[PDB]
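Participant: So that we are looking at the same thing, I have put the structure below in structure tokens.
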Protein chains: 2
Amino acid sequence: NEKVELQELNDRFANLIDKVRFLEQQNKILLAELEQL
Amino acid sequence: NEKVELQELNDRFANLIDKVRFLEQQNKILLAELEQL
């Protein structure tokens, strides 16, 4: 059923974006630390 | 079209997956470098 399936991909897309945000922030923090060292 | 809207859907899903993959790989190298310092 393409209502539950297209709400599923949505949830996967959402989780992937949260992951992207988290990782972008951490890599920026790590780079800043390296810059400071 | 429905076929030319589903393809787009699969392409953004792939791009998003790749972004996560690269961010994690970049993150692991940054952690390793900070670790040396």
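In the structure tokens, chains take the letters A, B, ... in the order shown, each chain's residues start at 1, and ligands count up from 1 in the order shown.
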Can you check which residues of chain A have any atom within 9 Å of chain B? Use only C-alpha atoms and format it as a PyMOL selection string.

Facilitator: chain A and resi 9+12-13+16-17+19-20+23-24+26-27+30-31+33-34+37

Participant: Give chain B as a PDB file with C-alpha atoms, in the first residue's frame once it has been least-squares superposed onto chain A over every C-alpha atom, paired in order.

Facilitator:
```pdb
ATOM      1  CA  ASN B   1      -0.299   0.279   2.534  1.00  0.00           C
ATOM      2  CA  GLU B   2       0.677   2.548  -0.361  1.00  0.00           C
ATOM      3  CA  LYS B   3       0.062   4.920   2.519  1.00  0.00           C
ATOM      4  CA  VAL B   4       2.087   2.521   4.687  1.00  0.00           C
ATOM      5  CA  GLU B   5       5.087   2.541   2.351  1.00  0.00           C
ATOM      6  CA  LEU B   6       5.086   6.288   1.728  1.00  0.00           C
ATOM      7  CA  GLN B   7       5.272   6.984   5.455  1.00  0.00           C
ATOM      8  CA  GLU B   8       8.322   4.711   5.636  1.00  0.00           C
ATOM      9  CA  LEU B   9       9.775   6.644   2.710  1.00  0.00           C
ATOM     10  CA  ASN B  10       9.376   9.957   4.570  1.00  0.00           C
ATOM     11  CA  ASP B  11      10.820   8.479   7.748  1.00  0.00           C
ATOM     12  CA  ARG B  12      14.033   7.229   6.141  1.00  0.00           C
ATOM     13  CA  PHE B  13      14.389  10.554   4.327  1.00  0.00           C
ATOM     14  CA  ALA B  14      14.187  12.293   7.713  1.00  0.00           C
ATOM     15  CA  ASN B  15      16.633   9.882   9.367  1.00  0.00           C
ATOM     16  CA  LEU B  16      19.106  10.358   6.533  1.00  0.00           C
ATOM     17  CA  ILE B  17      18.823  14.139   6.788  1.00  0.00           C
ATOM     18  CA  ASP B  18      19.400  13.950  10.551  1.00  0.00           C
ATOM     19  CA  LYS B  19      22.473  11.780  10.063  1.00  0.00           C
ATOM     20  CA  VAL B  20      23.987  14.349   7.708  1.00  0.00           C
ATOM     21  CA  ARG B  21      23.136  17.170  10.134  1.00  0.00           C
ATOM     22  CA  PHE B  22      24.795  15.393  13.067  1.00  0.00           C
ATOM     23  CA  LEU B  23      27.870  14.392  11.076  1.00  0.00           C
ATOM     24  CA  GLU B  24      28.375  18.011  10.002  1.00  0.00           C
ATOM     25  CA  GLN B  25      27.941  19.294  13.548  1.00  0.00           C
ATOM     26  CA  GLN B  26      30.317  16.648  14.885  1.00  0.00           C
ATOM     27  CA  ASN B  27      32.736  17.493  12.065  1.00  0.00           C
ATOM     28  CA  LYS B  28      32.754  21.212  12.874  1.00  0.00           C
ATOM     29  CA  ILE B  29      33.558  20.514  16.526  1.00  0.00           C
ATOM     30  CA  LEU B  30      36.344  18.089  15.602  1.00  0.00           C
ATOM     31  CA  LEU B  31      37.859  20.716  13.270  1.00  0.00           C
ATOM     32  CA  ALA B  32      37.711  23.311  16.054  1.00  0.00           C
ATOM     33  CA  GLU B  33      39.432  20.988  18.522  1.00  0.00           C
ATOM     34  CA  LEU B  34      42.213  20.016  16.099  1.00  0.00           C
ATOM     35  CA  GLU B  35      42.563  23.731  15.410  1.00  0.00           C
ATOM     36  CA  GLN B  36      43.404  24.352  19.095  1.00  0.00           C
ATOM     37  CA  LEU B  37      46.129  21.721  18.878  1.00  0.00           C
TER      38      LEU B  37
END
```
